[PDB]
Structure formats: structure tokens, C-alpha cells
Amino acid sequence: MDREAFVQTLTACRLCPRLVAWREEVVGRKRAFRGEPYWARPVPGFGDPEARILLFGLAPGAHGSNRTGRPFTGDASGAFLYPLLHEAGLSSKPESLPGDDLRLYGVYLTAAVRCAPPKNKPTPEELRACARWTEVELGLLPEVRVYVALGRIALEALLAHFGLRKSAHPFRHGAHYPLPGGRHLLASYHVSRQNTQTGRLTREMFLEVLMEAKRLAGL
């Protein structure tokens, strides 16, 4: 199917009852956004369809993409990520606002799970379910040369996608593994506020991941 079909069918997905419930349950639970409209639906990926770089996240944040409808948009992860994408020369502007004209250059964003999960922790079954969308979505990104896993969950999800063994591909920030066809699998700590605000992942460190991804992608 093409992207239009992907987005249409994805947005109507209700395979995970716990997530179908949670994505709506959180609406109105955060003071700053009470009364505001929430996407509260599966989150389609965003970015350059001809991207050479794929940034693969964990899942929608309750008041992030689950609210705005766009990956990493509206939360602390995006406040950290988007400016760095621009600093690396991979986007039209530093900020991401729903409905704006933000363009990503050579990069596409999505995640392992597409509906907000309780405690930001999807179950193995939920991951297995949404992996079907990963197959469809990644199939629509023919030019990707570098797959960047943001966090352990994201990495394990990509390993499953590529049929790679976890034992041979451990999660460590900066890890780099070869993929068939001269492609690359990179691992980075996730951009979550609890990684960036604690100093586990600094702006310097993540920008480096982006610059390396560009180098490996021929950009």
C-alpha cells in the first residue's frame, strides 16, 4: 500500500485494548493541556519519504505525540530533539508545532509502538502487534541507509525487524552494527527528559549521533 493507505488504516487500528484505552484515558490529565484537543489515536510517522536516516523511537508520550499527533511533538523529548535536528542541517526550522510547515531533510521519524502506553512501557504482545505497522512503514522508506534506535526498546524492535540476535547486538550508546546492503544500525540513549535532564544524554552526545548518522548515510 502507499502512504495514504498506511495512514488511513493505521489511524483506525485498535489491536491493543490497553493502549486504545490509555491513549484516551490520559486526555485532560495534565493541567497545562486540560480542555485542549488530543489526537488520542495511533501516531503516523513524520518526515522525508526519501529519507536516508530513520530515527526510531519508543512510543507516543501521553501529552506529546498522543496529544499533537506528530512524533516527538509537544513534549520534553521534542524540545530536545528538534532543535538538534536543525543544528545538524536536517530540518527547515528548530521547532515542531502541529499544523506548521516543518520539513525534515533526509530524515524520517517514527517508533516501535504507535499508541501511548501506560508508564511508557508497552508489553511484549503490544510490541509484537505494532511491529506489523513497522513492516508497512519501513517498507515505505526505500532510501533509508541508517536506522537509529532511540533507546533499548527501539533497538530490540529493530533487531526483530532485521531478524538479528540480541546476543550479538547489545544496547549501548554509540553502538554501530552493519546491515545488509551496506546499511547501518546505530544505537543511542533515548531522548527522554529523564535521560537528557539527568545528564545521561547531552545535547553534545546526541548531535554527535546525528552527525555520525549523516556521515554513514552519505549526507
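The numbering used is simple: start at 1 and walk along the sequence shown.
Chemist: Mean C-alpha B factor from the entry: is it higher for 136 to 144 or for 76 to 84?
Modeler: Of 76 to 84 and 136 to 144, the stretch with the higher C-alpha B-factor average is 136 to 144.
Chemist: Which is higher on average in the deposited entry, the C-alpha temperature factors of 148 to 156 or of 165 to 173?
Modeler: Result: 165 to 173.
Chemist: Out of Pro42, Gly57, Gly45, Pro180, which residue has the highest Cα temperature factor in the PDB record?
Modeler: Of the candidates given, the C-alpha B-factor peaks at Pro180.
Chemist: Ordered by C-alpha B-factor within the chain, which third holds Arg200? Give me lowest, middle or highest, please.
Modeler: Highest third, going by the recorded CA B-factors of the chain.
Chemist: Sorting by Cα B-factor within the chain, modelled residues only, which third would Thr123 end up in: lowest, middle or highest?
Modeler: As the PDB entry reports it, the C-alpha B-factor of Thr123 lands in the highest third of its chain.
Chemist: By the record's CA B-factor, is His184 among the lowest, middle or highest third of residues in the chain?
Modeler: Highest third of the chain for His184's C-alpha B-factor.
Chemist: Among the chain's modelled residues, which third holds the C-alpha B-factor of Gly106?
Modeler: It falls in the bottom third of the chain.
Chemist: Where does the C-alpha B-factor of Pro117 rank in its chain, lowest, middle or highest third?
Modeler: Middle third - that is where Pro117 ends up once the chain's C-alpha B-factors are sorted.
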